[PDB]
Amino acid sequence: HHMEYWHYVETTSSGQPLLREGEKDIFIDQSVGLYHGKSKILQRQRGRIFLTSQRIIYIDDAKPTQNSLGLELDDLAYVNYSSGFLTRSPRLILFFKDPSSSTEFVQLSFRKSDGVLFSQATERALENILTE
């Protein structure tokens, strides 16, 4: 289940995430869907994606105050961009430090952008945490 790694995120009525003390937004993209391993996360297929200094946050388009999710950058070891040759959309693949299985990873799927600026910003934000 994807909830071992993802946590619930509160938002305003308008779909703005409520961020932690000193947590700052770095980048945002639109119309992103989530995967857990190779499978779509049902009902989390169209949202805005936010990168912060601490987290990747998915804000559900349809029900932002219910279906929004967060992932800690501190739980990640690598991110890898995949450009959409076999997949309909380009994908950003997130690798965890401590997966329960190699089947457990996340993907962000970009339906209205190539996802390149988001992925580049995420690579940098991850590297800042890793190198410390």
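The first residue of the shown sequence is 1; numbering continues from there.
Novice: In the PDB record, does 48 to 56 or 98 to 106 carry the higher mean Cα temperature factor?
Specialist: According to the PDB entry, the answer is 98 to 106.
Novice: Test of understanding: from the entry's C-alpha B-factors, which stretch has the higher mean, 118 to 126 or 14 to 22?
Specialist: Mean C-alpha B-factor is greater for 14 to 22.
Novice: At the C-alpha atoms, which of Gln66, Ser31, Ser89, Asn80 reaches the highest B-factor in this entry?
Specialist: Spelled out: the listed residue with the top C-alpha B-factor is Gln66.
Novice: Pull the Cα B-factor of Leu42 out of the PDB entry and bin it into the chain's lowest, middle or highest third.
Specialist: It belongs to the highest third of the chain when residues are ordered by C-alpha B-factor.
Novice: Which third of the chain holds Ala62 when residues are ordered by C-alpha B factor: lowest, middle or highest?
Specialist: Answer is highest: the recorded C-alpha B-factor places it there.
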